[PDB]
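Enquirer: A single structure is presented below for examination.
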Amino acid sequence: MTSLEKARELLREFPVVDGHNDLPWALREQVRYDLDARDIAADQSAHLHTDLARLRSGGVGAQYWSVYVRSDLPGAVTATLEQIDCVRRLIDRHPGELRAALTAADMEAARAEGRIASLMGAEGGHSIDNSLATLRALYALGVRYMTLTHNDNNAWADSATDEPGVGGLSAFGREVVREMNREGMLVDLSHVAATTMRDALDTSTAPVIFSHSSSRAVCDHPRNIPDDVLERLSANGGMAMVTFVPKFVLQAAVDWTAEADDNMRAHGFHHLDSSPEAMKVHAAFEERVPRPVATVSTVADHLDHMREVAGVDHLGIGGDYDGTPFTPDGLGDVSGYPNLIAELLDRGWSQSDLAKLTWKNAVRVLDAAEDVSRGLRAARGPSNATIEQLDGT
Ligand SMILES: N[C@@H](Cc1ccccc1)P(=O)(O)C[C@H](CC(=O)O)C(=O)O
Ligand SMILES: [Zn+2]
Ligand SMILES: [Zn+2]
């Protein structure tokens, strides 16, 4: 059979656990959670990267649904609860296809019955409003990882896409990591500064993840992971879930985006300005310089290097579907994973290597978080510390 046929067979046995899909935010923004208007039991290819049929075609067996909210708007906690509610509603609406999962055991139970294990990951520490009790409440509601920052610093952690702030994690930031360890919530180091990555690795007694990050050695961008950090994963026990975002994974796209941003500033606009006037400037840039397009090969290049440095036991996949506007050719939506698996087969990845990449590493890591949590919950009570106490006024 072809490598694509083989890939599909392999995925039927050990499907993809995808680390980060932003369907909930997409539903919030497109239809304000009017789920009938974007029914994922129907074909949503006109509007979304994700629906149930495409998930199954793509060999997705578990999904961390992102409950991302904006850090630059007030009411982050309320919005996070709305995102969590969206995931809950999706699970309730589609019991034939989805199963809520809170534990590694739930993930295996879902796989045994042929349902997609549905987990939740918060994207940015702003979702807890500097409150450890709020962190505990998110865990109680089913959140199983939290990205420590999004694109901006918060009070206790530095983002890779902001200026240096506290220098990595503050004292309270370390306390957040300790509490995540006690609860059993995975520390997600996507988005965070390299300083923050190192501080989190120093502090965490549980395996950490990167829910959607690729390789900085392959493509120098702050959203990607440095080799020195990848090297620490085997000791930590964690895993880096490669992402598909073209402006992170393809050198030409990184360069293009930098030039686009410079061009915006040259016209007196902030690079993130979305006004009609700014859009005109950007359109003119894209007219003289077409947007470069990544491929499955681009993503495989990252995985090859990440495997060499981190080890095959410390890799996963985090597509960022419905969280980013552009995709590599062959990975245009959630049905695309078999194309990546086929490319890796062609590059000599073994069946057991690939079962680790798709399924086994993610289950091991969540089980490890649970194991560490058992020890810490037995050893001490929850923290009552405040950011004022630890970081000062
Ligand atoms: N939650 C998404 C941001 C978002 C998307 C839509 C409306 C608001 C916020 P993201 O963080 O998952 C995507 C981003 C790449 C990009 O911007 O393309 C990255 O991961 O670094
Ligand atoms: Zn992100
Ligand atoms: Zn996201």
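Naming works like this for the structure tokens: A, B, ... for the chains as they're shown, residue 1 at the start of each chain, ligands 1 onward in shown order.
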Would you tabulate, counting only C-alpha atoms and all ligand atoms, all residues of chain A that have an atom at most 9 Å from an atom of ligand 1, showing the closest pair of atoms and their distance in Å to one decimal, sorted by chain then ascending number, as a tab-separated table?

Expert:
```
residue	atom	partner	partner_atom_place_in_ligand_line	distance
A:20	CA	ligand 1	12 (O)	7.1
A:21	CA	ligand 1	12 (O)	7.4
A:22	CA	ligand 1	1 (N)	6.0
A:25	CA	ligand 1	7 (C)	6.8
A:26	CA	ligand 1	6 (C)	7.0
A:29	CA	ligand 1	7 (C)	7.7
A:66	CA	ligand 1	1 (N)	7.5
A:67	CA	ligand 1	1 (N)	8.5
A:68	CA	ligand 1	1 (N)	5.7
A:69	CA	ligand 1	9 (C)	7.3
A:70	CA	ligand 1	9 (C)	6.5
A:123	CA	ligand 1	1 (N)	7.1
A:150	CA	ligand 1	11 (O)	6.5
A:151	CA	ligand 1	21 (O)	7.1
A:161	CA	ligand 1	21 (O)	8.8
A:190	CA	ligand 1	20 (O)	7.6
A:191	CA	ligand 1	21 (O)	6.4
A:212	CA	ligand 1	20 (O)	6.6
A:213	CA	ligand 1	20 (O)	7.7
A:223	CA	ligand 1	21 (O)	6.4
A:243	CA	ligand 1	20 (O)	8.3
A:245	CA	ligand 1	15 (C)	6.4
A:246	CA	ligand 1	18 (O)	8.5
A:247	CA	ligand 1	18 (O)	7.7
A:248	CA	ligand 1	15 (C)	8.2
A:320	CA	ligand 1	12 (O)	5.5
A:321	CA	ligand 1	12 (O)	8.0
A:322	CA	ligand 1	5 (C)	7.5
A:323	CA	ligand 1	2 (C)	4.2
A:324	CA	ligand 1	18 (O)	3.8
A:325	CA	ligand 1	18 (O)	6.0
A:326	CA	ligand 1	18 (O)	7.5
```

Enquirer: Write the selection just made, keeping N, CA, C and O atoms, as a CSV table (one decimal), in the first residue's frame?

Expert:
```
chain,number,residue,atom,x,y,z
A,20,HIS,N,-3.9,21.5,20.6
A,20,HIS,CA,-4.5,22.9,20.7
A,20,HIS,C,-5.4,23.2,19.4
A,20,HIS,O,-4.8,23.4,18.3
A,21,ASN,N,-6.7,23.2,19.6
A,21,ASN,CA,-7.6,23.6,18.5
A,21,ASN,C,-8.5,24.7,19.1
A,21,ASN,O,-9.1,24.5,20.2
A,22,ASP,N,-8.7,25.8,18.4
A,22,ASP,CA,-9.4,27.0,18.9
A,22,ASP,C,-10.8,27.1,18.4
A,22,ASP,O,-11.4,28.2,18.3
A,25,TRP,N,-13.2,29.5,20.4
A,25,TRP,CA,-13.0,30.9,20.1
A,25,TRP,C,-13.6,31.2,18.7
A,25,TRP,O,-14.3,32.3,18.6
A,26,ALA,N,-13.4,30.4,17.8
A,26,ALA,CA,-14.0,30.6,16.5
A,26,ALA,C,-15.5,30.6,16.5
A,26,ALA,O,-16.1,31.4,15.8
A,29,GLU,N,-16.5,34.0,18.1
A,29,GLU,CA,-16.3,35.1,17.2
A,29,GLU,C,-17.2,35.1,15.9
A,29,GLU,O,-17.7,36.2,15.5
A,66,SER,N,-9.1,24.4,23.1
A,66,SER,CA,-8.6,25.6,23.7
A,66,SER,C,-9.8,26.4,24.2
A,66,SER,O,-10.7,26.7,23.5
A,67,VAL,N,-9.6,26.9,25.5
A,67,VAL,CA,-10.6,27.8,26.1
A,67,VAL,C,-9.9,29.2,26.2
A,67,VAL,O,-10.3,30.0,27.1
A,68,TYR,N,-9.0,29.5,25.2
A,68,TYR,CA,-8.5,30.8,25.0
A,68,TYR,C,-9.5,32.0,25.2
A,68,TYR,O,-10.6,31.9,24.7
A,69,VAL,N,-9.0,33.0,25.8
A,69,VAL,CA,-9.7,34.3,25.8
A,69,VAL,C,-8.7,35.4,25.6
A,69,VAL,O,-7.5,35.2,25.9
A,70,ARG,N,-9.1,36.6,25.2
A,70,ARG,CA,-8.2,37.7,25.0
A,70,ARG,C,-7.6,38.3,26.3
A,70,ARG,O,-8.4,38.5,27.2
A,123,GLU,N,-5.5,29.0,27.6
A,123,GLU,CA,-4.4,29.6,26.9
A,123,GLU,C,-4.1,31.0,27.4
A,123,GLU,O,-4.5,32.0,26.8
A,150,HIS,N,-0.3,34.3,27.1
A,150,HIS,CA,-0.5,34.3,25.6
A,150,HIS,C,0.5,35.3,25.0
A,150,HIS,O,1.7,35.2,25.3
A,151,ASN,N,0.1,36.2,24.1
A,151,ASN,CA,1.1,37.0,23.4
A,151,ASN,C,1.7,38.2,24.2
A,151,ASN,O,2.6,38.8,23.7
A,161,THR,N,6.5,37.0,23.0
A,161,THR,CA,6.1,38.1,22.0
A,161,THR,C,5.9,39.4,22.7
A,161,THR,O,5.1,40.2,22.2
A,190,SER,N,4.1,26.8,25.5
A,190,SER,CA,3.8,27.6,24.3
A,190,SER,C,3.7,29.0,24.7
A,190,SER,O,3.3,29.4,25.8
A,191,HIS,N,4.0,29.9,23.7
A,191,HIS,CA,3.8,31.4,23.9
A,191,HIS,C,4.8,32.1,24.9
A,191,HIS,O,5.0,33.3,24.8
A,212,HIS,N,1.4,23.9,21.4
A,212,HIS,CA,1.5,24.3,20.0
A,212,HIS,C,2.8,25.2,19.7
A,212,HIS,O,2.7,26.4,19.6
A,213,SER,N,4.0,24.5,19.7
A,213,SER,CA,5.2,25.2,19.3
A,213,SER,C,6.1,24.3,18.5
A,213,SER,O,6.1,23.1,18.6
A,223,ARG,N,8.2,32.3,19.1
A,223,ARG,CA,7.2,31.3,19.4
A,223,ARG,C,7.6,29.9,19.3
A,223,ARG,O,6.9,29.0,19.8
A,243,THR,N,3.6,22.6,16.0
A,243,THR,CA,2.5,23.3,15.4
A,243,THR,C,2.7,23.6,13.9
A,243,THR,O,3.8,23.4,13.4
A,245,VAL,N,1.5,26.5,12.1
A,245,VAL,CA,1.4,27.9,11.8
A,245,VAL,C,2.5,28.3,10.8
A,245,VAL,O,3.7,28.3,11.1
A,246,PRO,N,2.1,28.6,9.5
A,246,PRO,CA,3.2,28.9,8.5
A,246,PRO,C,4.2,29.9,8.9
A,246,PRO,O,5.4,29.8,8.7
A,247,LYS,N,3.7,31.0,9.5
A,247,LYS,CA,4.6,32.1,9.9
A,247,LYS,C,5.5,31.8,11.1
A,247,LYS,O,6.4,32.6,11.5
A,248,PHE,N,5.4,30.6,11.6
A,248,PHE,CA,6.4,30.0,12.6
A,248,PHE,C,7.3,28.9,12.0
A,248,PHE,O,8.4,28.8,12.4
A,320,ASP,N,-3.1,23.8,16.0
A,320,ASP,CA,-3.6,25.2,16.1
A,320,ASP,C,-4.8,25.5,15.1
A,320,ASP,O,-5.0,26.6,14.7
A,321,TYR,N,-5.5,24.4,14.7
A,321,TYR,CA,-6.6,24.6,13.8
A,321,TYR,C,-7.7,25.5,14.4
A,321,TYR,O,-7.9,25.5,15.6
A,322,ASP,N,-8.3,26.3,13.6
A,322,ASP,CA,-9.2,27.4,14.0
A,322,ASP,C,-8.7,28.5,14.9
A,322,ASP,O,-9.4,29.3,15.4
A,323,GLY,N,-7.4,28.5,15.0
A,323,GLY,CA,-6.7,29.5,15.8
A,323,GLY,C,-5.8,30.4,15.0
A,323,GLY,O,-5.3,31.4,15.5
A,324,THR,N,-5.6,30.1,13.7
A,324,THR,CA,-4.7,30.7,12.8
A,324,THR,C,-5.3,30.7,11.4
A,324,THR,O,-6.0,29.8,11.1
A,325,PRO,N,-5.1,31.8,10.6
A,325,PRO,CA,-5.8,31.9,9.4
A,325,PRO,C,-5.2,31.1,8.2
A,325,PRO,O,-6.0,30.7,7.3
A,326,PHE,N,-3.9,30.8,8.2
A,326,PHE,CA,-3.3,30.1,7.1
A,326,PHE,C,-2.7,28.8,7.5
A,326,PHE,O,-2.3,28.6,8.7
```

Enquirer: Could you go through segment 225-362 of chain A and tell me which residues DSSP, when run on the backbone, assigns to alpha helix (DSSP H), listing them as number ranges by chain?

Expert: A: 227-231, 233-236, 246-249, 251-266, 276-288, 296-310, 337-346, 351-355, 361-362

Enquirer: Using only C-alpha atoms, determine which residues lie at most 6 Å from residue 238 of chain A, disregarding the query and same-chain residues fewer than 4 positions distant; provide the list as an NGL selection string.

Expert: :A and (207-209 or 233 or 314)

Enquirer: Print the selection's residues with N, CA and C atoms to a file, as a PDB file, in the first residue's frame.

Expert:
```pdb
ATOM      1  N   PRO A 207       6.017  16.596  34.354  1.00  0.00           N
ATOM      2  CA  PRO A 207       6.267  16.857  32.935  1.00  0.00           C
ATOM      3  C   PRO A 207       5.468  18.060  32.429  1.00  0.00           C
ATOM      4  N   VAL A 208       6.140  18.908  31.662  1.00  0.00           N
ATOM      5  CA  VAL A 208       5.493  20.068  31.056  1.00  0.00           C
ATOM      6  C   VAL A 208       5.206  19.799  29.587  1.00  0.00           C
ATOM      7  N   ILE A 209       4.372  20.634  28.979  1.00  0.00           N
ATOM      8  CA  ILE A 209       4.127  20.516  27.542  1.00  0.00           C
ATOM      9  C   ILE A 209       4.340  21.832  26.816  1.00  0.00           C
ATOM     10  N   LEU A 233      13.781  18.243  28.025  1.00  0.00           N
ATOM     11  CA  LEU A 233      12.508  17.506  28.059  1.00  0.00           C
ATOM     12  C   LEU A 233      12.605  16.052  28.505  1.00  0.00           C
ATOM     13  N   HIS A 314       9.260  12.532  23.397  1.00  0.00           N
ATOM     14  CA  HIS A 314       8.965  13.874  23.897  1.00  0.00           C
ATOM     15  C   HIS A 314       8.385  14.785  22.831  1.00  0.00           C
TER      16      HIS A 314
END
```

Enquirer: Which residues, written as a PDB file with N, CA, C and O atoms, in the first residue's frame, have at least one atom at most 12 Å from segment 82-87 of chain A, with only C-alpha atoms counted and residues fewer than 6 positions away on the same chain left out?

Expert:
```
ATOM      1  N   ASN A  21      -6.686  23.236  19.610  1.00  0.00           N
ATOM      2  CA  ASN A  21      -7.613  23.610  18.542  1.00  0.00           C
ATOM      3  C   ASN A  21      -8.524  24.707  19.093  1.00  0.00           C
ATOM      4  O   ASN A  21      -9.100  24.537  20.174  1.00  0.00           O
ATOM      5  N   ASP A  22      -8.652  25.822  18.367  1.00  0.00           N
ATOM      6  CA  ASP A  22      -9.389  26.990  18.868  1.00  0.00           C
ATOM      7  C   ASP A  22     -10.838  27.084  18.370  1.00  0.00           C
ATOM      8  O   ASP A  22     -11.406  28.181  18.286  1.00  0.00           O
ATOM      9  N   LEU A  23     -11.441  25.940  18.063  1.00  0.00           N
ATOM     10  CA  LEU A  23     -12.844  25.926  17.661  1.00  0.00           C
ATOM     11  C   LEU A  23     -13.738  26.752  18.597  1.00  0.00           C
ATOM     12  O   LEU A  23     -14.618  27.458  18.130  1.00  0.00           O
ATOM     13  N   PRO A  24     -13.547  26.643  19.925  1.00  0.00           N
ATOM     14  CA  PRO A  24     -14.442  27.438  20.779  1.00  0.00           C
ATOM     15  C   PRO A  24     -14.355  28.946  20.516  1.00  0.00           C
ATOM     16  O   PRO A  24     -15.407  29.587  20.410  1.00  0.00           O
ATOM     17  N   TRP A  25     -13.150  29.502  20.408  1.00  0.00           N
ATOM     18  CA  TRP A  25     -13.037  30.931  20.115  1.00  0.00           C
ATOM     19  C   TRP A  25     -13.636  31.248  18.750  1.00  0.00           C
ATOM     20  O   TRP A  25     -14.287  32.276  18.575  1.00  0.00           O
ATOM     21  N   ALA A  26     -13.432  30.359  17.786  1.00  0.00           N
ATOM     22  CA  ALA A  26     -13.989  30.563  16.452  1.00  0.00           C
ATOM     23  C   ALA A  26     -15.508  30.628  16.512  1.00  0.00           C
ATOM     24  O   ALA A  26     -16.125  31.440  15.824  1.00  0.00           O
ATOM     25  N   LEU A  27     -16.114  29.779  17.336  1.00  0.00           N
ATOM     26  CA  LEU A  27     -17.568  29.774  17.475  1.00  0.00           C
ATOM     27  C   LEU A  27     -18.035  31.030  18.194  1.00  0.00           C
ATOM     28  O   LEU A  27     -19.080  31.594  17.867  1.00  0.00           O
ATOM     29  N   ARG A  28     -17.260  31.462  19.180  1.00  0.00           N
ATOM     30  CA  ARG A  28     -17.545  32.708  19.887  1.00  0.00           C
ATOM     31  C   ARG A  28     -17.555  33.890  18.919  1.00  0.00           C
ATOM     32  O   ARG A  28     -18.491  34.699  18.917  1.00  0.00           O
ATOM     33  N   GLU A  29     -16.532  33.960  18.072  1.00  0.00           N
ATOM     34  CA  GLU A  29     -16.345  35.100  17.170  1.00  0.00           C
ATOM     35  C   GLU A  29     -17.231  35.093  15.923  1.00  0.00           C
ATOM     36  O   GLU A  29     -17.665  36.155  15.466  1.00  0.00           O
ATOM     37  N   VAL A  31     -20.286  33.197  15.484  1.00  0.00           N
ATOM     38  CA  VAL A  31     -21.722  33.079  15.723  1.00  0.00           C
ATOM     39  C   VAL A  31     -22.127  33.264  17.185  1.00  0.00           C
ATOM     40  O   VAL A  31     -23.235  32.909  17.571  1.00  0.00           O
ATOM     41  N   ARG A  32     -21.226  33.823  17.990  1.00  0.00           N
ATOM     42  CA  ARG A  32     -21.455  33.956  19.431  1.00  0.00           C
ATOM     43  C   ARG A  32     -22.111  32.708  20.019  1.00  0.00           C
ATOM     44  O   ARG A  32     -23.132  32.775  20.711  1.00  0.00           O
ATOM     45  N   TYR A  33     -21.510  31.563  19.722  1.00  0.00           N
ATOM     46  CA  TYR A  33     -21.892  30.296  20.334  1.00  0.00           C
ATOM     47  C   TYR A  33     -23.274  29.791  19.906  1.00  0.00           C
ATOM     48  O   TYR A  33     -23.854  28.938  20.575  1.00  0.00           O
ATOM     49  N   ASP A  34     -23.795  30.311  18.799  1.00  0.00           N
ATOM     50  CA  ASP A  34     -25.011  29.754  18.204  1.00  0.00           C
ATOM     51  C   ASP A  34     -24.607  28.478  17.471  1.00  0.00           C
ATOM     52  O   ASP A  34     -24.311  28.500  16.275  1.00  0.00           O
ATOM     53  N   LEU A  35     -24.582  27.374  18.206  1.00  0.00           N
ATOM     54  CA  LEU A  35     -23.971  26.141  17.714  1.00  0.00           C
ATOM     55  C   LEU A  35     -24.700  25.537  16.522  1.00  0.00           C
ATOM     56  O   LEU A  35     -24.081  24.876  15.689  1.00  0.00           O
ATOM     57  N   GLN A  63      -8.733  15.486  21.519  1.00  0.00           N
ATOM     58  CA  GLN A  63      -8.495  16.896  21.256  1.00  0.00           C
ATOM     59  C   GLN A  63      -8.474  17.696  22.544  1.00  0.00           C
ATOM     60  O   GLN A  63      -9.419  17.619  23.340  1.00  0.00           O
ATOM     61  N   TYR A  64      -7.392  18.440  22.763  1.00  0.00           N
ATOM     62  CA  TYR A  64      -7.428  19.496  23.762  1.00  0.00           C
ATOM     63  C   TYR A  64      -8.092  20.695  23.102  1.00  0.00           C
ATOM     64  O   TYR A  64      -7.514  21.321  22.210  1.00  0.00           O
ATOM     65  N   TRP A  65      -9.320  20.987  23.518  1.00  0.00           N
ATOM     66  CA  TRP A  65     -10.046  22.140  23.014  1.00  0.00           C
ATOM     67  C   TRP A  65      -9.568  23.352  23.787  1.00  0.00           C
ATOM     68  O   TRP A  65      -9.592  23.349  25.015  1.00  0.00           O
ATOM     69  N   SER A  66      -9.102  24.369  23.069  1.00  0.00           N
ATOM     70  CA  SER A  66      -8.611  25.585  23.699  1.00  0.00           C
ATOM     71  C   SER A  66      -9.757  26.421  24.238  1.00  0.00           C
ATOM     72  O   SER A  66     -10.738  26.650  23.525  1.00  0.00           O
ATOM     73  N   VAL A  67      -9.624  26.881  25.484  1.00  0.00           N
ATOM     74  CA  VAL A  67     -10.579  27.834  26.050  1.00  0.00           C
ATOM     75  C   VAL A  67      -9.940  29.216  26.177  1.00  0.00           C
ATOM     76  O   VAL A  67     -10.268  30.004  27.066  1.00  0.00           O
ATOM     77  N   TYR A  68      -9.033  29.490  25.240  1.00  0.00           N
ATOM     78  CA  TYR A  68      -8.460  30.818  25.028  1.00  0.00           C
ATOM     79  C   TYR A  68      -9.470  31.959  25.179  1.00  0.00           C
ATOM     80  O   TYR A  68     -10.603  31.878  24.691  1.00  0.00           O
ATOM     81  N   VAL A  69      -9.021  33.040  25.818  1.00  0.00           N
ATOM     82  CA  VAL A  69      -9.729  34.320  25.798  1.00  0.00           C
ATOM     83  C   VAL A  69      -8.695  35.433  25.623  1.00  0.00           C
ATOM     84  O   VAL A  69      -7.513  35.236  25.886  1.00  0.00           O
ATOM     85  N   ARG A  70      -9.141  36.611  25.197  1.00  0.00           N
ATOM     86  CA  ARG A  70      -8.216  37.720  24.974  1.00  0.00           C
ATOM     87  C   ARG A  70      -7.644  38.286  26.271  1.00  0.00           C
ATOM     88  O   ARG A  70      -8.375  38.510  27.235  1.00  0.00           O
ATOM     89  N   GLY A  75     -12.638  41.092  31.914  1.00  0.00           N
ATOM     90  CA  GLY A  75     -13.539  39.967  32.109  1.00  0.00           C
ATOM     91  C   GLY A  75     -13.027  38.637  31.578  1.00  0.00           C
ATOM     92  O   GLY A  75     -13.813  37.795  31.123  1.00  0.00           O
ATOM     93  N   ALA A  76     -11.715  38.435  31.646  1.00  0.00           N
ATOM     94  CA  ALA A  76     -11.116  37.184  31.182  1.00  0.00           C
ATOM     95  C   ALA A  76     -11.687  35.954  31.869  1.00  0.00           C
ATOM     96  O   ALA A  76     -11.874  34.925  31.224  1.00  0.00           O
ATOM     97  N   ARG A  93     -23.862  17.841  22.822  1.00  0.00           N
ATOM     98  CA  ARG A  93     -24.594  17.807  21.554  1.00  0.00           C
ATOM     99  C   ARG A  93     -24.221  16.617  20.676  1.00  0.00           C
ATOM    100  O   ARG A  93     -25.009  16.209  19.816  1.00  0.00           O
ATOM    101  N   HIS A  94     -23.026  16.072  20.878  1.00  0.00           N
ATOM    102  CA  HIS A  94     -22.501  15.054  19.972  1.00  0.00           C
ATOM    103  C   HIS A  94     -21.966  13.835  20.725  1.00  0.00           C
ATOM    104  O   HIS A  94     -20.800  13.474  20.585  1.00  0.00           O
ATOM    105  N   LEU A  98     -18.125  12.401  20.487  1.00  0.00           N
ATOM    106  CA  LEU A  98     -17.247  13.005  21.491  1.00  0.00           C
ATOM    107  C   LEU A  98     -17.490  12.417  22.881  1.00  0.00           C
ATOM    108  O   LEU A  98     -18.619  12.069  23.238  1.00  0.00           O
ATOM    109  N   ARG A  99     -16.423  12.324  23.666  1.00  0.00           N
ATOM    110  CA  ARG A  99     -16.518  11.894  25.057  1.00  0.00           C
ATOM    111  C   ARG A  99     -15.649  12.815  25.891  1.00  0.00           C
ATOM    112  O   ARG A  99     -14.470  12.999  25.583  1.00  0.00           O
ATOM    113  N   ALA A 100     -16.215  13.395  26.944  1.00  0.00           N
ATOM    114  CA  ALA A 100     -15.419  14.230  27.837  1.00  0.00           C
ATOM    115  C   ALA A 100     -14.286  13.388  28.421  1.00  0.00           C
ATOM    116  O   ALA A 100     -14.489  12.233  28.786  1.00  0.00           O
ATOM    117  N   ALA A 101     -13.090  13.959  28.495  1.00  0.00           N
ATOM    118  CA  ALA A 101     -11.982  13.269  29.135  1.00  0.00           C
ATOM    119  C   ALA A 101     -11.276  14.185  30.121  1.00  0.00           C
ATOM    120  O   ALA A 101     -10.901  15.314  29.775  1.00  0.00           O
ATOM    121  N   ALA A 117     -11.794  11.747  22.523  1.00  0.00           N
ATOM    122  CA  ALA A 117     -11.630  12.251  23.877  1.00  0.00           C
ATOM    123  C   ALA A 117     -11.511  13.757  23.818  1.00  0.00           C
ATOM    124  O   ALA A 117     -10.680  14.299  23.079  1.00  0.00           O
ATOM    125  N   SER A 118     -12.345  14.436  24.591  1.00  0.00           N
ATOM    126  CA  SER A 118     -12.397  15.887  24.532  1.00  0.00           C
ATOM    127  C   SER A 118     -11.935  16.500  25.845  1.00  0.00           C
ATOM    128  O   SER A 118     -12.628  16.406  26.865  1.00  0.00           O
ATOM    129  N   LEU A 119     -10.760  17.123  25.801  1.00  0.00           N
ATOM    130  CA  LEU A 119     -10.173  17.768  26.965  1.00  0.00           C
ATOM    131  C   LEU A 119     -10.182  19.276  26.750  1.00  0.00           C
ATOM    132  O   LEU A 119     -10.606  19.763  25.697  1.00  0.00           O
ATOM    133  N   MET A 120      -9.720  20.011  27.754  1.00  0.00           N
ATOM    134  CA  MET A 120      -9.663  21.464  27.685  1.00  0.00           C
ATOM    135  C   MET A 120      -8.321  21.969  28.147  1.00  0.00           C
ATOM    136  O   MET A 120      -7.739  21.449  29.102  1.00  0.00           O
ATOM    137  N   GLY A 121      -7.838  22.998  27.457  1.00  0.00           N
ATOM    138  CA  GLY A 121      -6.630  23.693  27.860  1.00  0.00           C
ATOM    139  C   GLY A 121      -6.878  25.191  27.824  1.00  0.00           C
ATOM    140  O   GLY A 121      -7.390  25.710  26.830  1.00  0.00           O
ATOM    141  N   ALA A 122      -6.550  25.880  28.912  1.00  0.00           N
ATOM    142  CA  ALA A 122      -6.642  27.334  28.949  1.00  0.00           C
ATOM    143  C   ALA A 122      -5.394  27.914  28.301  1.00  0.00           C
ATOM    144  O   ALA A 122      -4.312  27.345  28.421  1.00  0.00           O
ATOM    145  N   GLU A 123      -5.549  29.033  27.601  1.00  0.00           N
ATOM    146  CA  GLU A 123      -4.437  29.619  26.863  1.00  0.00           C
ATOM    147  C   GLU A 123      -4.070  31.000  27.397  1.00  0.00           C
ATOM    148  O   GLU A 123      -4.472  32.032  26.846  1.00  0.00           O
ATOM    149  N   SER A 127      -6.244  34.002  32.446  1.00  0.00           N
ATOM    150  CA  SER A 127      -7.498  33.299  32.715  1.00  0.00           C
ATOM    151  C   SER A 127      -7.746  33.027  34.195  1.00  0.00           C
ATOM    152  O   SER A 127      -8.867  32.668  34.561  1.00  0.00           O
ATOM    153  N   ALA A 137     -10.499  26.320  40.563  1.00  0.00           N
ATOM    154  CA  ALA A 137     -11.831  26.254  39.966  1.00  0.00           C
ATOM    155  C   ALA A 137     -11.790  25.826  38.498  1.00  0.00           C
ATOM    156  O   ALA A 137     -12.624  25.032  38.065  1.00  0.00           O
ATOM    157  N   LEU A 138     -10.846  26.362  37.724  1.00  0.00           N
ATOM    158  CA  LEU A 138     -10.711  25.928  36.331  1.00  0.00           C
ATOM    159  C   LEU A 138     -10.392  24.441  36.242  1.00  0.00           C
ATOM    160  O   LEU A 138     -10.935  23.740  35.396  1.00  0.00           O
ATOM    161  N   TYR A 139      -9.519  23.956  37.119  1.00  0.00           N
ATOM    162  CA  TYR A 139      -9.255  22.526  37.139  1.00  0.00           C
ATOM    163  C   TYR A 139     -10.545  21.746  37.447  1.00  0.00           C
ATOM    164  O   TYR A 139     -10.844  20.719  36.811  1.00  0.00           O
ATOM    165  N   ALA A 140     -11.304  22.222  38.431  1.00  0.00           N
ATOM    166  CA  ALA A 140     -12.535  21.538  38.823  1.00  0.00           C
ATOM    167  C   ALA A 140     -13.510  21.456  37.650  1.00  0.00           C
ATOM    168  O   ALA A 140     -14.274  20.497  37.530  1.00  0.00           O
ATOM    169  N   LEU A 141     -13.488  22.471  36.793  1.00  0.00           N
ATOM    170  CA  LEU A 141     -14.370  22.507  35.629  1.00  0.00           C
ATOM    171  C   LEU A 141     -13.857  21.668  34.459  1.00  0.00           C
ATOM    172  O   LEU A 141     -14.574  21.485  33.457  1.00  0.00           O
ATOM    173  N   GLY A 142     -12.636  21.151  34.583  1.00  0.00           N
ATOM    174  CA  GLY A 142     -12.109  20.220  33.599  1.00  0.00           C
ATOM    175  C   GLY A 142     -10.893  20.705  32.817  1.00  0.00           C
ATOM    176  O   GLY A 142     -10.409  19.997  31.942  1.00  0.00           O
ATOM    177  N   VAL A 143     -10.372  21.888  33.127  1.00  0.00           N
ATOM    178  CA  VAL A 143      -9.186  22.378  32.418  1.00  0.00           C
ATOM    179  C   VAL A 143      -7.966  21.533  32.812  1.00  0.00           C
ATOM    180  O   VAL A 143      -7.705  21.339  34.004  1.00  0.00           O
ATOM    181  N   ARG A 144      -7.229  21.017  31.824  1.00  0.00           N
ATOM    182  CA  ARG A 144      -6.116  20.104  32.116  1.00  0.00           C
ATOM    183  C   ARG A 144      -4.724  20.600  31.679  1.00  0.00           C
ATOM    184  O   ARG A 144      -3.718  19.933  31.927  1.00  0.00           O
TER     185      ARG A 144
END
```

Enquirer: Would you mind telling me which residue in A:108, A:371, A:97, A:92 lies nearest to residue 17 of chain A when using only C-alpha atoms?

Expert: A:108

Enquirer: From the options A:54, A:214, A:319, A:81, which residue's atoms come nearest to ligand 3, counting only C-alpha atoms and all ligand atoms?

Expert: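 Distance minimum relative to ligand 3 lands on A:319.
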
Enquirer: Write down as a PyMOL selection string the residues belonging to segment 15-243 of chain A that are assigned strand (DSSP E) by DSSP computed on the backbone.

Expert: chain A and resi 16-21+60-66+98-100+116-123+143-147+186-188+209-210+239-242

Enquirer: Determine the nearest neighbour of residue 387 of chain A from the options A:10, A:283, A:341, A:176, counting only C-alpha atoms.

Expert: A:176

Enquirer: Pick from A:285, A:210, A:359, A:337: nearest to ligand 2, with only C-alpha atoms and all ligand atoms counted?

Expert: A:210

Enquirer: Counting only C-alpha atoms and all ligand atoms, figure out which residue out of A:192, A:310, A:4, A:258 gets nearest to ligand 2.

Expert: A:192

Enquirer: How many Å separate atom CA of residue 374 of chain A from atom CA of residue 132 of chain A?

Expert: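 Distance between the two atoms: 18.5 Å.
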
Enquirer: Interatomic distance between atom CA of residue 180 of chain A and atom CA of residue 14 of chain A?

Expert: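 Separation of atom CA of residue 180 of chain A and atom CA of residue 14 of chain A: 28.2 Å.
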
Enquirer: So, with only C-alpha atoms and all ligand atoms as the atoms that count, which of A:51, A:308, A:199, A:188 lies closest to ligand 3?

Expert: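 For ligand 3, the nearest of the given residues is A:188.
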